[PDB]
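Shown here is one chain on its own, the form deposited in one PDB entry, set out as C-alpha cells.
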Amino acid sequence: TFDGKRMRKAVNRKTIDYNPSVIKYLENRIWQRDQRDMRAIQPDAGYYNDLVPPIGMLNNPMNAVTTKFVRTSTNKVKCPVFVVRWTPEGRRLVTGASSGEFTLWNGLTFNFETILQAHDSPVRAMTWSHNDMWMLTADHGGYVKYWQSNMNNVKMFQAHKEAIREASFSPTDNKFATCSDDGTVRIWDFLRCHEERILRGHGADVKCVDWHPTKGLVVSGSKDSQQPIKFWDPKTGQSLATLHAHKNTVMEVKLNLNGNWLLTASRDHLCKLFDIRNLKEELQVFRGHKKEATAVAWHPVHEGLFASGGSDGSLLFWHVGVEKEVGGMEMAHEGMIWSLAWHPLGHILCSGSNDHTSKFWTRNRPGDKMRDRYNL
C-alpha cells in the first residue's frame, strides 16, 4: 500500500520546465517584432537557452511535433487510461482510468501526486469549462460529476442510462452536451443539471460530441454508417445537417478554435478535415494511420497543427495544408491510444493508451541524434 508514509531516498526527477523558455521569449519579444527578427536556434546541444515556447515560434509549428519521450506515468493499479486532461493552468495532468479513479501527475516533474476514486464505472469523459472553475467528467455507468481544481466532487447526476462517451461545454459554460451509447446527444443546463433537449437521429452508439467554439453548434460522431456525423441546434434540438464522412465509426469530432474546421477521426484508418461553412465538399484527408484512428488533439497554440492517436499505438502529427504527416511515432504505445492532451503551452503532449500507462512527449532538443526507439 501507498499512503505517503514510507521513507525513500531523495530523487531528483527529470523535468520539462517551461520557465526558461518563457523567460527567453519574454526577452526576445522586447526587441524582436516577430519570427523574422528571431535569431536562429542552432541544431547543437549548446543552444539550450535559445528555446522558446510555441507562442514564440508561430511561423514554424514544427517545433511542437513532440516526438521526444520524457516519462511513462503508470498507476500501481495497472488499468487502461481512457482520458487524459491537463489542469487549465497546466499545473497537473489528470487521467481517467477504467477503474474509475483520477490520478494526478505534476506538470513539471511528471510524478504521482494524488489519486482519488472518482467514479464507480470507467471514466470515459473529462472536460474543463472555458472558465477554469469546472471539470466535468462522465463514466461508463451514465453518471456526470462536477469537480473543481481541488478535485472535490460537488454535484452528481445520471445523464444517460448507458455509457457517456464525451461531454463538451458551451462557450459560457452555462450548458453542455453529452453523447452516449443509447444513441442520443443531450443538452444540459449546468447549474440545474436539467436536460434541455434530447437529440435523436443517429441510430447507433454516439462515440463523440463537440460544441462549436462560438456559434452554438453541436457535432456528433456515431457507429451508424447512415448517420456518421450530424450537426445540431442545441436550442431547438433540430438536426442542421448530416455528414456522410466516414465508412465506419467516427471516433472523434474536434472543432478547431478558429471556428471553421471540423476534425474527424474514424475506424476507417482516416482523419478527415471539413469546413463547416461548406459541408458538401471534404477538405484535406489525412492518411498514414496503418490501423484505426482513435484520438485527435488540436494544438493549443498552432491552429493548423494537431496530433493523432491510433489503435495500434501510433502517434502521428499533421498540419492543415500538408498532405503527409509532419511527424509521428509508429510505436508510441503498445495498445490503442484513447486520448491526447496538450499542455496549455503546447510544448508537452500526453497520451493515454489502452495499455495501462500514460506517456509524456516534449519537443526534440536542438542538436540531438533522434536514434531512440521512438524515432529511429
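Residue positions are given as counts along the sequence shown, with the first one as 1. We call the rigid core the largest set of C-alpha positions that still match within 1.5 Å between the two forms.
Item to check | Higher C-alpha RMS shift from the shown form in 4 other deposited structures of this protein - 314-322 or 330-338, rigid core fit | outcome: It is 330-338 that deviates more in 4 other deposited structures of this protein.
What comes next is about the form deposited with a partner chain bound, which is not displayed.
Item to check | Candidate stretches 210-218, 72-80, 263-271, 137-145, one within 4.5 Å of the partner chain in the entry with it bound by heavy atom | outcome: Stretch with heavy atoms near the partner: 210-218.
Next on the checklist: By the heavy atom within 4.5 Å rule, which residue out of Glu292, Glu282, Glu101, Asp233 makes contact with the partner chain in the entry with it bound?
Outcome noted: The option sitting close enough to the partner is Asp233.
Item to check | Interface residue in the entry with it bound among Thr249, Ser180, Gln227, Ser170, criterion: non-hydrogen atom within 4.5 angstroms of the partner chain | outcome: Selected option: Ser170.
Next on the checklist: Contact with the partner chain in the entry with it bound for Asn174, defined as at least one heavy atom pair within 4.5 Å: yes or no?
Outcome noted: Taking the distances in the entry with it bound, the answer for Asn174 is yes, it comes within 4.5 Å of the partner chain.
Checklist entry - Taking heavy atoms only, is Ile276 within 4.5 angstroms of the partner chain in the entry with it bound? => result Yes, contact at 4.5 Å.
Next on the checklist: My question is simply whether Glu196 lines the interface with the partner chain in the entry with it bound - judged by any non-hydrogen atom within 4.5 Å.
Outcome noted: It does: once the partner chain is placed as it appears in the entry with it bound, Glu196 has a heavy atom within 4.5 Å of it.
Checklist entry - Hey, in the entry with it bound, does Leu240 get a heavy atom within 4.5 angstroms of the partner chain? => result Judged by the heavy-atom cut-off of 4.5 Å, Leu240 is in contact with the partner chain in the entry with it bound.
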